[PDB]
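One structure is given here, and the rest of the page talks about it.
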Ligand SMILES: N#Cc1cnn2c(NC3CC3)cc(Nc3ccnc(-n4cnnc4)c3)nc12
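Residue numbers (the deposited numbering): 2 to 332.
And the structure:
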């Protein structure tokens with residue numbers, strides 16, 4: 002007779018108190034700049050819904066990044082744009098600088114500030130214990146901000162974090178999966194990269210919230226401190242939950258599904274089984290030990306919970322002892 006509802010613990014009603022225009026993005030009319038202000042220098046990457054390029058703004062000679070959209074429902078384009086406009090100027094959020102359209106193709110393109118990134122496959126190996134703490138704090142600033150502005154990112158993962166290590170500068174990018182949180186709303190669970198999916202997505206619980214992002218942050222942290230990328234390495238969406246169960250154990254999994262009355266896919270019946278909750282030490286070794294501390298593990302344990310209501314908020318995470326060195330240094 003149905004699954005049990007959930008409300009976010011924090012920033013629950015923030016969009017309700019706003020003018021409709023703020024979250025009702027289908028009514029947003031898009032303000033188009035001049036496509037001839039930007040000349041593409043070279044391709045930077047691909048996506049599911051985009052091709053990305055370095056470009057020059059010829060009026061100021063500023064370097065710029067251009068995300069040319071593949072055909073996607075116009076609703077989804079207005080959402081990314083609206084979300085980006087709402088968040089502009091927020092801490093460690095990428096700045097949307099312009100929106101242009103090819104006058105012939107009619108293909109839309111988003112123009113962003115350039116960050117002098119160093120790709121994470123090279124950067125993460127160089128990273129000290131202190132660096133991980135510093136950049137994790139920087140990410141949490143962005144997440145607390147967007148959550149406080151009524152927005153879930155829903156795609157937090159290393160590819161979506163730009164770090165200019167030289168200037169100790171971080172930007173959270175790709176708001177193309179992001180959505181507005183409204184209490185009661187049932188969301189698409191076919192979101193996020195497999196390795197970063199929260200249990201709520203994996204068991205098809207739709208009434209999820211900001212805390213989804215905190216799970217994915219936990220996945221990031223785990224891979225960085227344990228130097229194991231990715232941390233939960235499922236073969237598919239089913240085996241992804243099993244890879245999690247083999248670590249957080251099945252006891253809390255079934256208490257979770259019980260608490261929310263979740264109709265578990267029949268196909269999980271075979272493969273899930275019974276597994277104990279492991280201790281973090283099973284993942285410590287001499288190569289990664291210098292990154293691992295009791296603080297780090299305490300923090301990680303409080304991100305990585307099945308029950309979304311029981312995970313740390315961004316603000317609570319920022320107040321954790323793991324960050325005391327960082328908070329002191331920022332004053
Ligand atoms: N936004 C943004 C942004 C800023 N600097 N920077 C850089 N800087 C590096 C020196 C080159 C690379 C990059 N790359 C990609 C690749 C693939 N997808 C995206 N993307 C998808 N949706 N939004 C962005 C970005 N994106 C960005």
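We put the CB at the ideal spot given by N, CA and C, even for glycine.
| query | result |
| --- | --- |
| How many Å lie between residue 54 and residue 195 at the Cα? | 26 Å |
| So, do the stretch 208-220 and the stretch 109-129 have three or more beta carbon pairs nearer to each other than 8 Å? | no |
| Return helix, strand or coil for residue 248, following the three-state DSSP convention. | helix |
| Going by other Cβ atoms of all chains shown within 10 Å of its Cβ, with 16 needed for buried, is residue 321 buried or exposed? | buried |
| Return helix, strand or coil for residue 92, following the three-state DSSP convention. | coil |
| In this structure, how does DSSP classify residue 230 when only helix, strand and coil are distinguished? | coil |
| Could you give the DSSP three-state label for residue 272: helix, strand or coil? | helix |
| Answer yes or no: the CB of residue 93 versus the heavy atoms of ligand 1, is any distance below 7 Å? | no |
| Tell me where the alpha helix (DSSP H) around residue 149 begins and ends. | 130-149 |
| Near residue 188, what residues of its chain come up, given a Cβ to Cβ distance below 7 Å and the 5 sequence neighbours on each side ignored? | 180, 207, 209 |
| Is DSSP giving residue 327 helix, strand or coil here? | helix |
| Would you tell me roughly how many angstroms separate the C-alpha atoms of residue 154 and residue 282, rounded to the nearest one? | 31 Å |
| Grab the span of the alpha helix (DSSP H) containing residue 121 for me, first residue to last. | 121-124 |
| In angstroms, rounded to a whole number, what distance separates the CA positions of residue 86 and residue 184? | 22 Å |
| Would residue 241 be called buried (16 or more neighbouring beta carbons within 10 Å of its own) or exposed? | buried |
| Below 6 Å CB to CB, which residues in the same chain sit around residue 222 once its five sequence neighbours on both sides are set aside? | 301 |
| If we call anything under 8 Å between Cβ atoms a contact, is residue 305 one with residue 249? | yes |
| Taking the Cβ atom as the reference point for each residue, do residue 133 and residue 292 lie within a distance shorter than 8 Å? | yes |
| The alpha helix (DSSP H) spanning residue 21 covers which residue range? | 21-24 |
| Span of the beta strand (DSSP E) holding residue 47? | 39-47 |
| Do residue 90 and ligand 1 come close, with the Cβ less than 7 Å from some heavy atom? | no |
| What residues match up with residue 213 in a beta bridge as DSSP calls it? | BP columns for residue 213 are empty, so no partner. |
| Using alpha carbons as the reference points, say which of 178, 228, 255 lies closest to residue 84. | 178 |
| Taking a cut-off of 7 Å, which residues have a beta-carbon closer than that to any heavy atom of ligand 1, in chain order? | 45, 46, 47, 48, 51, 53, 55, 66, 68, 95, 113, 114, 115, 116, 117, 118, 163, 172, 174, 175, 177 |
| Within a Cβ cutoff of 6 Å, which residues of the same chain sit near residue 29, ignoring the five residues on either side of it in sequence? | 79, 83 |
| Between the C-alpha atoms of residue 39 and residue 96, what's the straight-line distance to the nearest angstrom? | 16 Å |
| Whose CA, out of 81, 69, 130, 23, lies closest to the CA of residue 103? | 69 |
| State the Cα-Cα distance for the pair residue 158 and residue 3, rounded to the nearest angstrom. | 32 Å |
| Can you give the Cα-Cα distance for residue 328 and residue 139, rounded to whole angstroms? | 11 Å |
| Locate the beta strand (DSSP E) running through residue 113, then write down its first and last residues. | 109-114 |
| Using 8 Å as the cut-off, can you tell me whether the stretch 112-122 makes contact with the stretch 57-65, which would need three or more C-beta pairs spanning the two stretches below that distance? | yes |
| Can you tell me whether residue 234 is buried or exposed? The criterion is at least 16 other CB atoms within 10 Å of its CB, across all chains shown. | exposed |
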